[PDB]
Amino acid sequence: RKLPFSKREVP
Amino acid sequence: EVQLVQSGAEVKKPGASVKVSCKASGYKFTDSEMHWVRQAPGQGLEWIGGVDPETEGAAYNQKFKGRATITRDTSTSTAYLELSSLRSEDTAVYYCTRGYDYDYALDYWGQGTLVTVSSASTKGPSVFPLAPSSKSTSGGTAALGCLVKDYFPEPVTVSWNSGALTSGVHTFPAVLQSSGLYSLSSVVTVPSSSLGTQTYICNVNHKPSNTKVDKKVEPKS
Amino acid sequence: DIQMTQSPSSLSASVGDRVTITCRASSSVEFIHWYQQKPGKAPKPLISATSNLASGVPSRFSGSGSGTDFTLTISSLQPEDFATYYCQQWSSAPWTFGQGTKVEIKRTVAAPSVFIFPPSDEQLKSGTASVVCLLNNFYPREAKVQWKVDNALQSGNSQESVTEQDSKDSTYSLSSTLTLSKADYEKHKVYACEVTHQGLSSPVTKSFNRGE
């Protein structure tokens, strides 16, 4: 899961 | 269940600022982004900016940069949008929406917050019944309602019986009166046979003037 | 910025018709998302990444396209599909949306059910009389309401508004309000609302006598 703007990965 | 609950409608003078809240629940607030989207008469939808709680910053659309401030309180799972130096063009419904995954659409949206930018004074409505009578019957059905008159700015919300009555309800778009004040009607069609046993109450809310009116609509005697 | 242009801006079709909405991006995008917005409600996700139906979206919706050209297809238009549809891109900052496409429903003619409401006593105490005429569940939208006071045609003292198309039966409703001062109201007896519509073989008049 990649956050739309920040592109931060969240498993 | 994911819920995004926004603060009530507001009226603000030109040059003033507005701060809208979006209380989130049903998911891990710090693991998603919150975005702000507005719907103005002039356009469809416009992205204002957003925030990833694990960044201590915020992203803005260049159009709103220096005028908008997006913040978040991780302890209360609340996202905030502050818009400053308000202009006529800022009158719009502001939505908060969750940014969950880059491959997926903004999946949950708040109910919206109408912000009106006006120098005109706020005015709470007068609520009058539209009583069912022999003049409001049609093939065993009776129509009844509430007339919500002389308010400013929009919106007024109307529910029936605290939201338990939704079928056959028509809450009309407001009309702009010559005075600059708004008026609307909310009607419902029900069996004419049970007018003496059922209770019909319109719940009228006008957040800008903090007006809450419950009006029981009885058949005319 | 990447400009998203939808065509057409509005369309009308019958229940069971196949409807198409195009979305053109001014520059290539990896994919687009589609949203559906019902009147007075927030937008809802409809399609994710050009062709993946959002959660709970029926199979009659489909999305296709690539680069700059995309299409939303509704294979069998249903009354509940009355909404404005928006495309969106977030391959480039700022994120942008299309201008929206309003989808309206064509259905059979339905005559309005007409109701009349005299002013409440509470309103009269305040010095004004609003007489409300309601036209319920009709199609098409075009309806003529004429106010008659003691059989004299009124002008300039009424306001009307129409609802959005109903999500179940695709009809409209209309409210017309005649506003007079308590003194002007008390000068006349008969208050009539006269309705003209395609579904009515001849005009339907709803009337009452003041204080009856």
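Bear in mind the residue numbers are our own, running from 1 along each chain as written, so they may not match the entry, and residues with no coordinates are left out. All chains are assigned letters beginning with A, and all ligands numbers beginning with 1, in the order in which they are written. Computation of side-chain values covers all heavy atoms of the structure but excludes hydrogens and water. Residues with missing side-chain atoms are left out of burial classes, side-chain pairs and their counts.

Header annotation of the entry names X-ray crystallography as the structure determination method and lists the resolution as 2.1000 Å.

## Focus on the environment of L144 of chain B
The topology assignment puts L144 of chain B in strand β13 (residues 141-151). Here the alpha-carbon distance between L144 of chain B and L130 of chain B, two residues 14 residues apart in the chain, equals 5.4 Å. In what follows, a contact means two residues having at least one pair of non-hydrogen atoms within 4.5 Å. Every residue in contact with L144 of chain B, bar those within four places of it in the chain, is listed here: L130, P132, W160, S186, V187, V188, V190, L195, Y200 and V217 of chain B together with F117 of chain C. The secondary structure listing takes helices from DSSP runs of H or I that are at least 4 residues long and strands from runs of E that are at least 2 residues long, numbered from the N terminus.

## Regarding the interface of chain B and chain C
The interface of chain B with chain C comprises 44 residues on the first partner and 48 residues on the second. Ranking the residues of chain B by area buried against chain C places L45, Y102 and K135 of chain B at the top, with a combined share of 18%. Any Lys or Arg side-chain nitrogen located within 4 Å of an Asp or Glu carboxyl oxygen qualifies as a salt bridge. Taken together, the links from chain B to chain C amount to one salt bridge. We note a salt bridge from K215 of chain B to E122 of chain C, for which the minimum N-O separation is 2.8 Å. Any pair of nitrogen or oxygen atoms within 3.5 Å is treated as a polar contact; in protein, a donor-acceptor pairing is required on top of that, and neighbouring residues in sequence qualify only through side-chain atoms on both sides. Remark: the boundary between chain B and chain C carries 17 residue pairs in polar contact. Where the side of chain B that touches chain C is concerned, the elements lending two or more residues are β4 (33-39), β5 (45-51), β11 (126-130), β12 (137-138), β13, β16 (175-176) and β17 (182-191) of chain B. Of the residues forming the side of chain B that touches chain C, the biggest block, five residues, is contributed by β13 of chain B. Joining two parts hides part of their accessible area as seen by a 1.4 Å probe, and the buried area is that hidden amount summed over both.

## Brief notes about the domain arrangement of chain B
Residue and element names in this part refer to chain B. Annotation comment: domain bounds sourced from an automatic or database domain assignment. Taken domain by domain, chain B consists of domain 1 (3-117) and domain 2 (126-217). If you average the C-alpha positions of domain 1 and of domain 2, the two centres end up 31 Å apart. Contacts between domain 1 and domain 2 engage five residues on the former and six residues on the latter. In total, domain 1 and domain 2 occlude about 430 Å² of area from one another, counting both sides; carbon and sulfur atoms represent 82% of this. If you look at where domain 1 meets domain 2, you find zero salt bridges. Residues of the side of domain 1 that touches domain 2, tallied by class, amount to three nonpolar, two polar and no charged. Residues are grouped as follows: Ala, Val, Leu, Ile, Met, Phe, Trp, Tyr, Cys and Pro are nonpolar; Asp, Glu, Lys and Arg are charged; every other residue, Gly included, is polar.

## Description of the side chain of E194 of chain C
Tracing the chain through its elements places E194 of chain C in strand β18 (residues 190-196). If near-sequence neighbours (up to four positions away) are discounted, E194 of chain C is found in contact with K144, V145, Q146, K148, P203, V204 and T205 of chain C.

## Some thoughts on the interface of chain A and chain B
With nine residues of chain A at the interface, the matching set in chain B holds 13 residues. Carbon and sulfur atoms make up 55% of the area that chain A and chain B hide from each other, which totals about 1,000 Å². Of all residues in chain A, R1, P4 and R8 of chain A bury the most surface against chain B, accounting for 52% of the area lost on that side. Remark: the boundary between chain A and chain B carries two salt bridges. Residues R8 of chain A and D31 of chain B are paired through a salt bridge, measuring 3.6 Å at the closest nitrogen-oxygen approach. In this assembly, chain A and chain B are joined by nine residue pairs in polar contact. Here the side of chain A that touches chain B is built from residues that sort into four nonpolar, one polar and four charged.

## Side note on the domain arrangement of chain C
Residues and elements named next belong to chain C. With domains assigned, chain C is organised as domain 1 (4-106) and domain 2 (113-209). Between domain 1 and domain 2, the C-alpha centre-to-centre distance is 38 Å. Across the domain 1/domain 2 interface, buried area totals approximately 630 Å², and carbon plus sulfur atoms make up 50% of it. Together, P79, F82 and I105 form the three largest contributors to the area buried by domain 1 at its contact with domain 2, with a combined 57%. Connecting domain 1 to domain 2 are one salt bridge. The closest approach of N and O atoms between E104 and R141, which form a salt bridge, is 3.1 Å. Linking domain 1 with domain 2 are four residue pairs in polar contact.

## Some thoughts on the sheet that holds strand β1 (residues 4-7) of chain C
Residue and element names in this part refer to chain C. Taken in spatial order, the four strands of this open sheet run β1-β3-β8-β7, and their pairing is antiparallel. Taken across any chain shown, the strands that pair with only one partner, and hence form the sheet edges, are β1 and β7 (61-66). Strand-to-strand twist of the sheet, defined as the mean angle between neighbouring strand axes without regard to direction, takes the value 20°. For strand β3 (residues 19-25) and strand β8 (residues 69-74), the ladder comprises six bridges, and the chain directions are antiparallel. Paired with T20 across the strands is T73, a residue of β8. Here the rule is simple: two strands pair whenever DSSP picks up at least two bridges between them. Lines fitted to C-alpha atoms define the axes here, with helix axes fitted over just the stretch in contact, and angles between the N-to-C directions of these axes take values from 0 to 180 degrees.

## A word on the packing of aromatic side chains
Remark: the centre distance and the inter-plane angle together describe each pair of aromatic rings, the angle taken between the planes. All names here are of chain C. Planes of paired rings set the category: under 30 degrees apart is stacked, over 60 is edge-to-face and the rest tilted, where pairs are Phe, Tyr or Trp rings (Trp by its six-membered ring) whose centres lie within 6.5 Å. For the coordinates displayed, the defined rule picks out 16 aromatic pairs over all chains. Where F61 meets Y85, the ring centres are 6.3 Å apart and the plane angle is 35°; that geometry is what we call tilted. With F61 in strand β7 and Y85 in strand β9 (residues 83-89), this pair connects stretches of sequence that are 24 residues apart. On the accessibility criterion, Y85 (0% relative accessible area) is buried. Measuring from centroid to centroid gives 6.0 Å for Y139 and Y172, while their planes differ by 20°, and the two rings are stacked. Separated by 33 residues along the polypeptide, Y139 in the loop between β13 (128-138) and β14 (144-149) and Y172 in strand β17 (residues 172-181) bring together distant segments of the chain. Take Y139 and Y172: they sit in the same class, and that class is buried. Each residue is placed in one exposure class: buried if its accessible area under a 1.4 Å probe, protein chains only, is under 20% of its type's maximum, exposed if it is over 50%, and partly exposed if it falls in between.

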